[PDB]
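**Student:** partial complex follows, first chain(s) only, in situ:
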Amino acid sequence: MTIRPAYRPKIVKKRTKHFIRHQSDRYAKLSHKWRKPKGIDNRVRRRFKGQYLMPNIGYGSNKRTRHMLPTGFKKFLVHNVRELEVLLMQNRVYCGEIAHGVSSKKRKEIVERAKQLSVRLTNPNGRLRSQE
Amino acid sequence: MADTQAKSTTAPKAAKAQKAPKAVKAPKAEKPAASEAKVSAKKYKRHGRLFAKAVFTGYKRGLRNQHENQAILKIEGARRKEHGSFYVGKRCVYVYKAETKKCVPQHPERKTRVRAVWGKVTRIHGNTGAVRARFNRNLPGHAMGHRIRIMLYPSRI
Amino acid sequence: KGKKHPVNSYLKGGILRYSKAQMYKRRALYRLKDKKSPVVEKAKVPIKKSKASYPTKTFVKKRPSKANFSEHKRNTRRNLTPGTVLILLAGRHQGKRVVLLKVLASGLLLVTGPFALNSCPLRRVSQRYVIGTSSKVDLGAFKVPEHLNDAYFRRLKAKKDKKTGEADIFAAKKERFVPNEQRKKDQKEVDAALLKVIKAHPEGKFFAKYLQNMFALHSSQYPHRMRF
Amino acid sequence: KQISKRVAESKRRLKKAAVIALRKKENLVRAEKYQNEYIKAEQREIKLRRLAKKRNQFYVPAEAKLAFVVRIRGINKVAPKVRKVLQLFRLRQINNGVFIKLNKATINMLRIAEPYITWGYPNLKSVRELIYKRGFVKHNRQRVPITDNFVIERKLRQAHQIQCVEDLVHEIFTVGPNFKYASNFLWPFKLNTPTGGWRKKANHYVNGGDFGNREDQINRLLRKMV
Amino acid sequence: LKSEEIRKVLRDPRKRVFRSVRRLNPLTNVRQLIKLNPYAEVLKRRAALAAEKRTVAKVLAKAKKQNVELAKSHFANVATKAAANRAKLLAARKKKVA
C-alpha cells in the first residue's frame, strides 16, 4: 500500500534468537534476561562448550541497518498531531508509533491526517474496532 | 620411450574426434594387434538415470563438533574416487511427507502433499566415493536413513 | 587501409596492433570530417525544449543501482553437433529421445521431437538440462530454417488485458498458447524433411522405431566411466 | 579567480599524464634488461660447470645469500630468548614470512630459532609469484596491497631508486646495497596453508623432516603454501 | 571565514578521495600483467607464436600422413612464407642502402 521507504535492502542479522541468562531453568525466581555470571567457577563465564551463546560486540547488525524494523524505517515515538508535523518532509524515511496513552479521540486525528501526510504507522486500528 | 604416450592417447581426441591429433589407434579392439587404450575397469553398475539413488549418512561430522551447515552423502553407484567426481555440481533434493496442502497449484500443478527442501553437492571427500553435500536449508536431522536423491542437473559428457 | 591484427582471441594476451601504426600513419596532413553539432539547443521560439516543466522538480524517488548491463557473452559449450539424439530431462516431457537441430546466438540450441513421431514440438532446451549422447545422426545438408528464432518465440506480450491497458480482467486467461497455427506448419516443413533422413540411416538405438520410449536402463552400463 | 586556476590544473592534467608515458618507458627499459640478467646467469652455471668437466675440475655451485624464513609453531610454548629474536625478524603469526641478507651474523641469529623456523633459498618463480600473489606493501606503517605500480613509486623515488615491481625484484633476488630498506618495505605476507599437508612438523629436516636448514626444497613448499 | 585574510594562505582542497582499494590477481587477470609490468607482453608474444608455429608443425605430420588439407584452414597458414619471402626480398633489395 504505502510506498516502502528509501533504499530498502535485505535486513540480514547476526544471531537472532534471544539470550537467556545462565541457570534460568530451575529457578523461577530467575527471570529471563542476562547477567554475565561473574563468579569464579562457572560453566558459561569461561565461554565454555555448550551454553547460552555468550554476548559481546560481535553479534550486532550492520551500521546502516541499525534499528531497522522489518519495513525499512527506524521506529519513532509520536504523541500528538504537532509531532506529526515533525514527520512532514522526512515521511519517506521514518515511521510512527502512536503512544499508548493517546485515546481514541486523538487517535482519530492522527489516522485521518497523517494518512494524507503519507507516513506509515505501525499501529492504526488500536481501539478501531469502530466503537467508542 | 614414453614419448608416444604423449601422443597415442590423443587418439581419443582423434576418435571422438577433434582436429584428429593421433594416427595410432589405441582402440580397445578385438584384434590381436590391438591390445591397448588401458581401461581402469572394473565396475558395472548404473546408478545414473534420473534421481539416481544415494542414501544419506549424517553431517560432516567431527568427532566432537557438528558443522551442520553442510551434510555428507552415500552414493551407491560409486566405489572409487574416479567414479564419484562425475557427481560434482549436481543438485541434491530430498522429499519427505507431511499433512496439509496450504498452497494452490499455480506453478506447474501441485495439489501439495509432498514437501521437499533442496540443495547442491560439491566435492569428493571419501577415498571411496563418499561425496559431501550442501543444501538450501540444512537437512532436517531425522533423515539419517531416508532415501534422498540426486538428479542429473546439470550434466555434461 | 586494413591490417587490423586482432589476435586477442586465442592467447589471450595478444594485442599486436601497436607494431603496425608507426609507418602505417602518413605522419602529416591531418584532415577529418569533425562533426560539431550544436543541435541540442533551446531555440524556444514556439518550441520550449528546455525541456518543458512537466516536471522539472524535486519529486523524491530512489531507484536501484547503475549496474554493468552486461554483454551477451560467448558460449562455451561441449563439442556436439546437430543432429544428435539426446535424452530430454525436463519441460514436463522427460524421457523423450530428441535430436539437435541448430545452435542459436542466444546461447541456445534448437531441438525437435519431431511432433510426427515423438509427438514433441520444436522445443529449445538448455544444454545443462540435457545429457549428450555418443554418435551422429547425419543432418549436414539440411535446409537450416534459421528464420524461426528466439525473439520470434518470446512471450508476446505483457499487456495485462486486450492491448488496451486499464480494463477488466478475468480468472484463467489465455495469451501464451493456442498453440500457433504457423508452428504447426513450421512443424510440417521439417517433419516431412526429417523423416526421409532419419529412416535412411542404418537402424540403431534411437533411429527409426527406436527413440520413442522413455529412458530406463539395465545394469552393467554406465553413467560413470562410459566412453559415452 | 578560477580562470587562473584552469592553467594550473590542465597543465598538471597533462603533466601527471605525460610522465606516466615516460614511466611506461621507464618501467619497460628496466625489465627488458632485467630478463636476460637471469638468462645469462642461467647459462653461466652450465658454462662454468661443463668446462670444468672438460678441464677435469670440480665446479662448486655458489653458496647462497637470500634466504626466506616462514614460521611454523605457535605463540606459546616458546623458549626464553627466542621470544625477542622472533620479534626481531617480524615473524609473529604462523605462516608468515620475510627474507634476510645472509651472513654468519644472521645464522647465529637463525640458529637460536632453528627448531621453530623453516628457512629456504627460493628460485626464480617463487619470488616473482610471492610479491605478486600474496604480497602487500607498507607505506605510512599501514598495509595496502598493490593494485598498480604506484605503491612503490610514490614513496621510493628520490632517496631510493626503485619504481617498478620488477625493480623491487632486482634489489632482492639479486642482492644489493639497498636491500635492508627493500624488505622492511614489505609487510609480512599471509601464506595460506600448504595442501597435501606438512609431512610431520616434528623434528629438524634431516632426520624426520620439517623446520630448518632445508635451503633448496623450499620451492616445493611455496608452490603449495602460498 | 569571509575572509580575505585567511584564505590566501590555505593550501589543500583534496576534493577527490583517492580510495580505489581493491587488490587483483597476477594470473587469473592476464589483463593485470602488462599494467603493473610491461615486458610481460613480450614474453607471451614471443613464446605464443613459437607455440603457434608448432601447432602448424604437428598438423603437417597429419598433412604428411594423409595430405588432405591444407585447403583453407592451414593452406593460407603455410602460404604466408611466400608473402614473408617478400619480407626478405626487401632484405635483398631495400636493405642494400648501407
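**Tutor:** Structure received. Numbers count the residues shown, from 1 in each chain, chains lettered A, B, ... in the order given.
**Student:** so which bits of chain E are right by chain D?
**Tutor:** Within reach of chain D by C-beta under 8 Å from any C-beta of the partner chain, chain E has these residues: E:20-27, E:35-39, E:42-43. Placement of C-beta: from N, CA and C, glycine included.
**Student:** which residues in chain C form helices?
**Tutor:** C:181-198 (DSSP state H).
**Student:** where does it get nearest to chain E, residue-wise?
**Tutor:** Nearest residue of chain C to chain E: residue C:13, at 4.3 Å (C-beta to the nearest C-beta).
**Student:** residues in contact with that residue?
**Tutor:** E:30, E:33-34, E:40-41, E:44-45, E:48 (C-beta atoms under 8 Å, 6 or more residues apart in numbering or on different chains).
**Student:** how much space separates the nearest residue to residue D:66 once chain neighbours are set aside from chain B?
**Tutor:** Spatial nearest neighbour of residue D:66, chain neighbours left out: residue D:175 (5.6 Å); criterion: C-beta to C-beta, 6 or more residues apart in numbering or on different chains. Remark: distance between residue D:175 and chain B (C-beta to the nearest C-beta, to the nearest Å) = 40 Å.
**Student:** check which helix or strand covers residue E:43.
**Tutor:** Taking DSSP states H and E as the criterion, residue E:43 maps to helix E:40-65.
**Student:** do you know how far the residue nearest to residue D:66 is from chain E?
**Tutor:** Taking C-beta to the nearest C-beta, one finds residue D:175 at 21 Å from chain E.
**Student:** wouldn't that residue be in contact with residue D:64 here?
**Tutor:** No - contact criterion C-beta atoms under 8 Å: residue D:175 and residue D:64 do not qualify, at 9.3 Å.
**Student:** what's the longest helix along chain A packed up against?
**Tutor:** In chain A, assigned by DSSP H, the helix with the most residues is helix A:106-111. Packed against helix A:106-111, as judged by 3 or more C-beta pairs under 8 Å, 6 or more residues apart in numbering or on different chains; DSSP states H and E, are the following elements: helix A:81-84.
**Student:** residues in contact with residue 54?
**Tutor:** In the absence of a named chain, this looks at chain A. A:36, A:44, A:47.
**Student:** buried ones in stretch D:164-177, by neighbour count?
**Tutor:** D:164-173, D:175 (16 or more other C-beta atoms under 10 Å in any protein chain shown).
**Student:** what's near enough to touch the nearest residue in space to residue A:2 that is not next to it in sequence?
**Tutor:** Closest residue to residue A:2 apart from its sequence neighbours, by C-beta to C-beta, 6+ apart: residue A:120 at 4.9 Å. With contacts defined as C-beta under 8 Å, 6+ apart, residue A:120 is in contact with A:2, A:5, A:71, A:73, A:95-96.
**Student:** sequence below should go in as chain F:
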Amino acid sequence: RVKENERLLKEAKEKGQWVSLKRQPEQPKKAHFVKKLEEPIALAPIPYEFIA
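**Tutor:** Chain F added:
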C-alpha cells in the same frame, strides 16, 4: 678502527670512490672450480670401528 678510517678515507680523497669503511664479517664466498691437482678421488674413509 679510527685512524685507519681517517687514513683510508685520506687515500680515498684522491680517487673518490669508494668508502667501504664500515665493518662486515665473513660472507658467502664465491663459486670456484676445483681441479684435484693433488691426487684424484676415492679417498674413501668409511668407518668400521666398534669392536674393541
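**Student:** buried residues, the longest helix of chain A. List them.
**Tutor:** For helix A:106-111, the neighbour count (16+ other C-beta under 10 Å) marks A:107, A:110-111 as buried.
**Student:** with distance to residue B:90 added, can I get those in CSV?
**Tutor:** Formatted as CSV, those follow (distance: C-beta to C-beta, whole Å):
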residue, distance to residue B:90
A:107, 58
A:110, 57
A:111, 55
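**Student:** what's the end-to-end length of stretch C:25-41?
**Tutor:** The first residue of stretch C:25-41 is 37 Å away from its last residue (C-alpha to C-alpha, to the nearest Å).
**Student:** hang on, I meant stretch D:76-94
**Tutor:** 11 Å.
**Student:** stretch C:11-31 now?
**Tutor:** 36 Å.
**Student:** how far out from the middle of the chain is it?
**Tutor:** Centroid separation between stretch C:11-31 and its chain, computed with C-alpha atoms, centre = their mean, to the nearest Å, is 37 Å.
**Student:** mind listing what's buried along it?
**Tutor:** C:11, C:13-14, C:16.
**Student:** and stretch D:78-93, by the same measure?
**Tutor:** For stretch D:78-93, by 16+ other C-beta under 10 Å, it's D:85-86, D:89, D:91.
**Student:** and of these, the nearest to residue B:85?
**Tutor:** residue D:91 (38.9 Å; C-beta to C-beta).
**Student:** now check the helix or strand where residue D:131 lies, is it near chain C?
**Tutor:** Using DSSP H and E, residue D:131 sits in helix D:124-134. No - Helix D:124-134 does not reach chain C (C-beta under 8 Å from any C-beta); its nearest approach is 15.8 Å.
**Student:** can the helix or strand just after that helix be said to contact chain E?
**Tutor:** Next in sequence after helix D:124-134, counting helices and strands by DSSP H and E, comes helix D:150-153. No - residues of helix D:150-153 are not located near chain E by C-beta under 8 Å from any C-beta, the shortest gap being 9.5 Å.
**Student:** show me what the helix or strand just after helix D:150-153 is packed up against.
**Tutor:** Next along the chain after helix D:150-153, taking DSSP H and E as the criterion, comes helix D:165-170. Helix D:165-170 makes packing contacts with helix D:3-54, helix D:124-134, helix D:150-153 when contacts are defined by 3+ C-beta pairs under 8 Å, 6+ apart.
**Student:** Throw the ones you listed into a markdown table and include mean neighbour count and distance to chain F, thanks.
**Tutor:** Below are the helices and strands packed on helix D:165-170 laid out as a markdown table (neighbours: other C-beta atoms under 10 Å in any protein chain shown; distance: least, C-beta to the nearest C-beta, whole Å):
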| stretch | mean neighbour count | distance to chain F |
| --- | --- | --- |
| helix D:3-54 | 12 | 4 |
| helix D:124-134 | 17 | 18 |
| helix D:150-153 | 18 | 27 |
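**Student:** as chain G, please add this:
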Amino acid sequence: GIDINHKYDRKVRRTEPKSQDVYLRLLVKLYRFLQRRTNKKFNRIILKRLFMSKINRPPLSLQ
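**Tutor:** Time to bring in chain G:
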C-alpha cells in the same frame, strides 16, 4: 592470533578537554580549521595548548 596487541597501542594524550564551554569550544571549532589547511607547526602548538587544565596551563607574570 599473533602475540602482539601488546601495550601501549594507546596514544594517551588529550583529544579534547573535559570542559563544556561555548567560548573555549569556539576557539577549538575555529582553530581546527586553521591547522588542517596549513601544516604549520606553530598552529598545532596553539592547538595542543588549548587543552590542559587550570593548573599546567601555566600562570605567567609580567616581568
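**Student:** ok chain G is in now, so what about the buried residues of stretch D:164-177?
**Tutor:** Buried-residue list, stretch D:164-177, by 16+ other C-beta under 10 Å: D:164-173, D:175.
**Student:** export that stretch to PDB, keeping only CA atoms.
**Tutor:** This file holds the C-alpha atoms of stretch D:164-177, laid out as PDB (Å, rounded to 0.1, in the frame of the first residue of the first chain):
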ATOM      1  CA  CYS D 164      58.600  -0.800 -10.800                       C
ATOM      2  CA  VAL D 165      57.600  -4.100  -9.300                       C
ATOM      3  CA  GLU D 166      60.200  -6.000 -11.300                       C
ATOM      4  CA  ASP D 167      62.800  -3.500  -9.900                       C
ATOM      5  CA  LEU D 168      61.900  -4.400  -6.300                       C
ATOM      6  CA  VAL D 169      62.600  -7.900  -7.600                       C
ATOM      7  CA  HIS D 170      66.000  -6.500  -8.700                       C
ATOM      8  CA  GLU D 171      67.000  -5.300  -5.200                       C
ATOM      9  CA  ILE D 172      66.200  -8.500  -3.500                       C
ATOM     10  CA  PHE D 173      66.600 -11.500  -5.800                       C
ATOM     11  CA  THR D 174      69.800 -10.100  -7.000                       C
ATOM     12  CA  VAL D 175      71.200  -8.900  -3.700                       C
ATOM     13  CA  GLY D 176      72.400  -5.400  -3.400                       C
ATOM     14  CA  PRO D 177      73.200  -2.400  -1.100                       C
END
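**Student:** flag every residue of chain D that's near chain E.
**Tutor:** So chain D meets chain E at D:24, D:27-28, D:31-32, D:34-35, D:129, D:132-133, D:144-149, D:164-166 (C-beta under 8 Å from any C-beta).
**Student:** next, the contact list for whichever residue of chain F sits closest to chain C, please.
**Tutor:** Minimum separation of chain F from chain C (C-beta to the nearest C-beta) falls at residue F:31, amounting to 36.6 Å. Contact analysis of residue F:31 by C-beta under 8 Å, 6+ apart lists D:45, D:48, D:59-63.
**Student:** could you do residue D:146 as well?
**Tutor:** Per C-beta under 8 Å, 6+ apart, neighbours of residue D:146: D:132, D:135-137, D:165, E:23-24, E:36.
**Student:** give me the buried subset of the contacts of residue F:31.
**Tutor:** Using 16+ other C-beta under 10 Å, the buried members of the contacts of residue F:31 are D:48, D:59.
**Student:** which two in the contacts of residue F:31 are spaced the farthest apart?
**Tutor:** D:48 and D:63 (14.6 Å).
**Student:** now a PyMOL select for only the buried ones of the contacts of residue D:146.
**Tutor:** Only the buried entries of the contacts of residue D:146 go into this PyMOL selection, using 16+ other C-beta under 10 Å:
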select buried, (chain D and resi 132+135+136+137+165) or (chain E and resi 36)
